[PDB]
Amino acid sequence: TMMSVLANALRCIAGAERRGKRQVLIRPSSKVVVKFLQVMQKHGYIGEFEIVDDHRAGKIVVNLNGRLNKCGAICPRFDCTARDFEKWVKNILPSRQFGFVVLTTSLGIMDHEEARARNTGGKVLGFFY
Amino acid sequence: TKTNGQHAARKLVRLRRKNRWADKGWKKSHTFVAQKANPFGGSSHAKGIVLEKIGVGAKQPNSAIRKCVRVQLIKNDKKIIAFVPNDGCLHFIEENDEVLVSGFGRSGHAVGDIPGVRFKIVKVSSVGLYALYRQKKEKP
Amino acid sequence: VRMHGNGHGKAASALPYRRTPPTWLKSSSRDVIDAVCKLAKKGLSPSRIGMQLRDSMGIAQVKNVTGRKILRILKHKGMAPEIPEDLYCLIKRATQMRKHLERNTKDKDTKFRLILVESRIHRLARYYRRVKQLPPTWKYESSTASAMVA
RNA sequence: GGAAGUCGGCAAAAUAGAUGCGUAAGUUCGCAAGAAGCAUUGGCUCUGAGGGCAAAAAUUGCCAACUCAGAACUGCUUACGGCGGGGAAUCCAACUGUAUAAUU
RNA sequence: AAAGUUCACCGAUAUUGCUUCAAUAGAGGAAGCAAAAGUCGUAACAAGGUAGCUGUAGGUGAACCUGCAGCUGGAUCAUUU
RNA sequence: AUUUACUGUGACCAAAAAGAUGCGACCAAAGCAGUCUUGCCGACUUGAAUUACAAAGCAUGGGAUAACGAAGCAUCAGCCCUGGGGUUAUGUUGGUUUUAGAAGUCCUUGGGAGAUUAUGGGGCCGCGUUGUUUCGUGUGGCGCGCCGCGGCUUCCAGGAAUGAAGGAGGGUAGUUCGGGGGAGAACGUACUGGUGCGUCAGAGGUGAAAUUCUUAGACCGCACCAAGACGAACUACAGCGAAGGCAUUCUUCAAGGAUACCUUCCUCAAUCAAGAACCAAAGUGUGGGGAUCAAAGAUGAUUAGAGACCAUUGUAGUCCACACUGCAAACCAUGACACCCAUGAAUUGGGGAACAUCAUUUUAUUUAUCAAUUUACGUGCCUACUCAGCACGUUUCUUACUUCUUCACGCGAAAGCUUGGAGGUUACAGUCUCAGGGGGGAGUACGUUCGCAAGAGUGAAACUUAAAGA
RNA sequence: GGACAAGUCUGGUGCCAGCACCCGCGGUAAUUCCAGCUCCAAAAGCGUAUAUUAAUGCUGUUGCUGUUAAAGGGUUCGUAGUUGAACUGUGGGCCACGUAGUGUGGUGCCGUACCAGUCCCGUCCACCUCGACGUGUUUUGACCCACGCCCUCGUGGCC
RNA sequence: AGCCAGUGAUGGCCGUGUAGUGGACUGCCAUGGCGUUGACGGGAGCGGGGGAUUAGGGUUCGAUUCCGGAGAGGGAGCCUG
RNA sequence: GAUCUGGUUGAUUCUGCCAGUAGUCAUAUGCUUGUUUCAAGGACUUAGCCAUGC
Ligand SMILES: [K+]
Ligand SMILES: [K+]
Ligand SMILES: [K+]
Ligand SMILES: [K+]
Ligand SMILES: [K+]
Ligand SMILES: [K+]
Ligand SMILES: [K+]
Ligand SMILES: [K+]
Ligand SMILES: [K+]
Ligand SMILES: [K+]
Ligand SMILES: [K+]
Ligand SMILES: [K+]
Ligand SMILES: [K+]
Ligand SMILES: [Mg+2]
Ligand SMILES: [Mg+2]
Ligand SMILES: [Mg+2]
Ligand SMILES: [Mg+2]
Ligand SMILES: [Mg+2]
Ligand SMILES: [Mg+2]
Ligand SMILES: [Mg+2]
Ligand SMILES: [Mg+2]
Ligand SMILES: [Mg+2]
Ligand SMILES: [Mg+2]
Ligand SMILES: [Mg+2]
Ligand SMILES: [Mg+2]
Ligand SMILES: [Mg+2]
Ligand SMILES: [Mg+2]
Ligand SMILES: [Mg+2]
Ligand SMILES: [Mg+2]
Ligand SMILES: [Mg+2]
Ligand SMILES: [Mg+2]
Ligand SMILES: [Mg+2]
Ligand SMILES: [Mg+2]
Ligand SMILES: [Mg+2]
Ligand SMILES: [Mg+2]
Ligand SMILES: [Mg+2]
Ligand SMILES: [Mg+2]
Ligand SMILES: [Mg+2]
Ligand SMILES: [Mg+2]
Ligand SMILES: [Mg+2]
Ligand SMILES: [Mg+2]
Ligand SMILES: [Mg+2]
Ligand SMILES: [Mg+2]
Ligand SMILES: [Mg+2]
Ligand SMILES: [Mg+2]
Ligand SMILES: [Mg+2]
Ligand SMILES: [Mg+2]
Ligand SMILES: [Mg+2]
Ligand SMILES: [Mg+2]
Ligand SMILES: [Mg+2]
Ligand SMILES: [Mg+2]
Ligand SMILES: [Mg+2]
Ligand SMILES: [Mg+2]
Ligand SMILES: [Mg+2]
Ligand SMILES: [Mg+2]
Ligand SMILES: [Mg+2]
Ligand SMILES: [Mg+2]
Ligand SMILES: [Mg+2]
Ligand SMILES: [Mg+2]
Ligand SMILES: [Mg+2]
Ligand SMILES: [Mg+2]
Ligand code: NA
Ligand code: NA
Ligand code: NA
Ligand code: NA
Ligand code: NA
Ligand code: NA
Ligand code: NA
Ligand code: NA
Ligand code: NA
């Protein structure tokens, strides 16, 4: 059965961008999925997306602009101390010049660059570049 | 394909413990069985008495007589066969002499075309075999 | 996939997005409650009450009018079944199979199916004991279960 | 002293009741088994447990029978009768039974 | 207040018996691995000259043979429209 | 009543050793020293500051989680006020006795609330049965309006609950679908053996023969009888089953999947050490049965030989009932669950459209960036009834076994795989579980569990090899 | 000789003696043995044996493999264990001013294009002249970021 | 793959003994205590601060200077303090 | 220093091991050894046995 909604959604987006599609449909939706997409959109990696209501878990349609190379989830959600950001950047990112690691902290869901500014650790959710 | 569970530490620990017995290198160093079968008691050298001078034929592609010796170890009274290196060098060894024996280079494995030999003579009468060969010393 | 098989069946009903009853119904909430209690007196299960209302009296859902589910209505009126309906229907099927096996002792196919049904029963009973719908220390036994069933 | 006797341990010696602990190979899983083996046992003075019948009832009163389990003190000359010696193997017959009254 | 008497308790040591572990002799019967270019055949590799192989049962100097069910890793991806 | 994990910041933590600031011991490994204004001295000389798992302890933060509780009629008491009822302090200690409070406990006035309408039941019965609002002053649209009544009474809480997962379970229906399973009764030819007639000299078998049967009538022809097994052609890159497996007809018994549904319920789930049930053929035990074929055995050939291949026989077995065994190239040599995934022809079951049967949006003169309706279409059979039926043609949908020789990425050492992955993986993390670590010795020895046995499960080492393998 | 830096030099031996961690060399012309001469490495140091760490992603949590190379249980059920769908919710005003996307209306509007008229050719394919819509400006206004202030910071209820 | 109970095994009551708590020990009472989250048994071994090898994660050593424990051939008992 | 090379074929691409390589206050043995500073030193086997002096 399906055990992770976030992992399912990120696999659908990465698969569609590999095939050069313009839109992708994601089902089911969740609060964590929407927050993850808002971080990607703020940095300019996807574009506009829309949520459709069906009185159950919703559906999401995402528009892709072709700037996203790969996104993925990290399972299980390992803890990350504020001094451990460099270790994760070295392991799962193409370089130290671009790309983001997404964390869930007591201040909310954010990328690793913002978390370093606020000096907070948390649990690693995923990445995109 | 393995667990990847976040609360499955016990399963991963048990898996590695069972599967670590499947490599000969790890098993040999942890089993105490090869040590008992080893004529040396886990040491690098041993001393013994010469019983007989024998000639061992080389393996099939080669053709020679290898000029080995039969030695009984002092520490536990085990009998082994040891190679005597270098040209001549069998004239320096007599019966009932005391020799120092070391291994070959492969940790209990036979080397070269000599069939079942894994030891070589290093000292005789406590002088040094290679030193005798180069004439730097005289046999006492 | 099915719990105890290899089938991938998708047949099911799809509830509508709009939950308000249609304007031509003209049936009060009190009238629906009365019709539900009458059928239960006749001796019908909650599943059969809903189909009878849907097929003849034009009520698509008993929750959209009266705001209550069928089994909740019966519990309030004190006419709820002693054991859950889905559990009862499984026990009845196992009883019929055992009766057939008494005369036919070479039916290895039926013996296999009896194993699956009894496994389903024990899983169902475990859930109902946890949510306190069955009394604790309630057990299914093949000898006793012939009673208390159709 | 301990089978050196003798065809041959023949004959004799020897074990022995009860209680507690413990018990091998083999096996048709029932047995083998009391396998093998170790300890206690007297007398005297005490203590506890094990029940019935009555009554205006975790109470009171009255009463019978002989088992079991303990303690202190004290003693031995090992002291009636009765009562398996044990173990490791080979051959034959599966077993209980019958059968040359008067040599098998 | 010394020697000395009796009892209780702690208990070395010795003997006997069980249990457990570690090394060890043995007539004979087998197995494996090597050497020597020994004797008998030719089972496999081609349709290897009876297609081969798996499971099982019996037989025979040796490889092997035979019966029953299976497989293609076959020597056929194929012939009442 | 709120708690842990996590995370930020600080407390509590021997030295030596390890990381580090400073100082030209001639440099360095070191050490904690040393420097100079030429000193009856000075630098208030220096010797800084770190890390040390896991557990424990203080005070922030609340996103991801986890421990609790509950399973929803096992429930729900609405607040504030005024008028009634029925321990102190008396100068101190020790005693009797009271007046009041407060509390509870019944009546009553004042006020404002309510998350779910005092109007729900009877009977006592009697009577009769043109005003806004659009839209171009005006037109045109506008929506609302333009057993019945009756007084009384008693009983009554019965409507406030996230939603129903393209997760699981249950229900109803076509008495749907199929070599799915268990029971009876029958049917069909054929092999073998008999019986009755006819005829007369060979028949059988092979590469060629021989073993074998035959004037005491074999082989052949017709008719019939007995017994046991088996269900040809139709039969397919078809169906059903968890796998092993399943093929004549009719009558019965209990099941199973798919489809349809505005039925019910509300996380009940996925995978799994231990544990259980089933499991081809051969094989074993006890009774039946015994036609065919046929391990063992016999005879004839062939051959240098032939314990084989070929021929004629022939026992166990092959079949049924009840018990065992659990060893397969038990194979898709490919574990289960879940997501995404390009193309054209076909096919098996169900449903919708069609056929047949019944019944009788604005707009829009000057538009367009991802359309507001591609929904079209006929045939054959059919009462002088398993039938409002049965097939075909056309377009959609859910489930299943597949193909491309006119199938795309991608992947792989290659052969090849490809919605059904061996793809979406060094750009390496969806969940669980079982195996492997050079070739042999070897699935062998020893020990132990199971078995009547045959065997099955668990399972080493000493030695020996430079390759074995794809 | 190669891995591995450095001789196709000169004598001796002739599958012998010997070398060789591995591949291999030696039967008459040995780049490998025994020696001479040259040359190489690192050096007051340099070989050999045994154990251990790295080489080793050949123990794999990071991070292995399982169609054919070693490796998926004969099939289902199933306990301990591991893993488990969505939801209660992150506010609004007031200025300012460089942005700041969009709709709705203002303001003028050379040239181009479109629609509607007039005339004209053709009947199978062409042109003229006007009363408006567009396109392009320029402001408004709603989204957006930066900076200040305020809010009983949903509604209600006081004031 | 089960361990523990005559003769203390888990707990209770009144005591004794100790410098002091306590099944530490005497008497009586109940049937408990531990275990696949690996008890019971077996093998190697003094524990730590630390050493070696350093992309990171890891693997391996620690008789030996400092801290703690134990012993004085084996094993038992004791006086003085 | 986040590094690899030789061996299976008539040639090719793999799996996989054997061999090579660097360190060790890590032990032992062989050859050699001019100067200086700093240092471990009967643990491994036998918690084996001890003359003599302190
Ligand atoms: K006996
Ligand atoms: K008898
Ligand atoms: K053959
Ligand atoms: K051949
Ligand atoms: K066979
Ligand atoms: K049989
Ligand atoms: K035959
Ligand atoms: K198997
Ligand atoms: K079908
Ligand atoms: K020469
Ligand atoms: K590997
Ligand atoms: K006490
Ligand atoms: K003193
Ligand atoms: Mg399951
Ligand atoms: Mg005698
Ligand atoms: Mg005599
Ligand atoms: Mg006698
Ligand atoms: Mg026994
Ligand atoms: Mg006895
Ligand atoms: Mg007898
Ligand atoms: Mg007798
Ligand atoms: Mg007689
Ligand atoms: Mg042929
Ligand atoms: Mg052949
Ligand atoms: Mg052949
Ligand atoms: Mg054969
Ligand atoms: Mg220091
Ligand atoms: Mg549901
Ligand atoms: Mg006939
Ligand atoms: Mg047929
Ligand atoms: Mg059979
Ligand atoms: Mg029989
Ligand atoms: Mg057979
Ligand atoms: Mg034949
Ligand atoms: Mg025959
Ligand atoms: Mg049969
Ligand atoms: Mg397999
Ligand atoms: Mg591959
Ligand atoms: Mg592969
Ligand atoms: Mg991976
Ligand atoms: Mg191996
Ligand atoms: Mg047995
Ligand atoms: Mg038998
Ligand atoms: Mg076996
Ligand atoms: Mg060279
Ligand atoms: Mg070179
Ligand atoms: Mg070497
Ligand atoms: Mg030469
Ligand atoms: Mg290593
Ligand atoms: Mg590495
Ligand atoms: Mg394989
Ligand atoms: Mg399989
Ligand atoms: Mg969740
Ligand atoms: Mg020790
Ligand atoms: Mg130490
Ligand atoms: Mg030691
Ligand atoms: Mg030292
Ligand atoms: Mg010392
Ligand atoms: Mg001491
Ligand atoms: Mg000593
Ligand atoms: Mg060739
Ligand atoms: Na046959
Ligand atoms: Na197959
Ligand atoms: Na395909
Ligand atoms: Na490694
Ligand atoms: Na240690
Ligand atoms: Na100490
Ligand atoms: Na090969
Ligand atoms: Na000097
Ligand atoms: Na000097």
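Throughout, a chain's letter reflects where its sequence line sits, starting with A, and its residues are numbered from 1. All values below were derived from every heavy atom in this structure, side-chain atoms included, with hydrogens, water molecules and symmetry-related copies excluded.
The nucleotide whose nearest atom lies closest to any side-chain atom of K70(A) is, among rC262(F), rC428(F), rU433(F), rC428(F). Closest to the side chain of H4(C), from the set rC265(F), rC19(G), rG78(G), is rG78(G). For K69(C), whose side chain is taken as the heavy atoms from C-beta onward, the closest listed nucleotide among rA164(F), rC262(F), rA23(E) is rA164(F). Listed candidates were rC261(F), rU82(G), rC21(G). Nearest to the side chain of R54(C) is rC261(F).
Regarding the sugar-base torsion, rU284(F) falls in the anti class, its angle being beyond 90° of 0.
The gap from the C1' atom of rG26(G) to that of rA71(G) amounts to 47 Å, rounded to the nearest Å.
Side-chain contact annotation: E98(B) with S126(B), donor-acceptor N/O pair under 3.5 Å absent.
Taking side-chain N and O atoms only, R68(C) has a distance below 4.0 Å to OP1 or OP2 of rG159(F).
Evaluation of atom-type donor-acceptor distances gives no pair under 3.5 Å for the side chain of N91(A) against the base of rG56(H).
Taking atom NE2 on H45(B) and atom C1' on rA51(G), their separation rounds to 13 Å, with Å as the unit.
Ring geometry, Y45(A) versus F100(A): the interplanar angle exceeds 60°, so the pair is classed perpendicular (tilted spans 30 to 60°).
Between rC230(F) and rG188(F) there is a base pair of the Watson-Crick or G-U wobble kind, both donor-acceptor distances falling below 3.5 Å.
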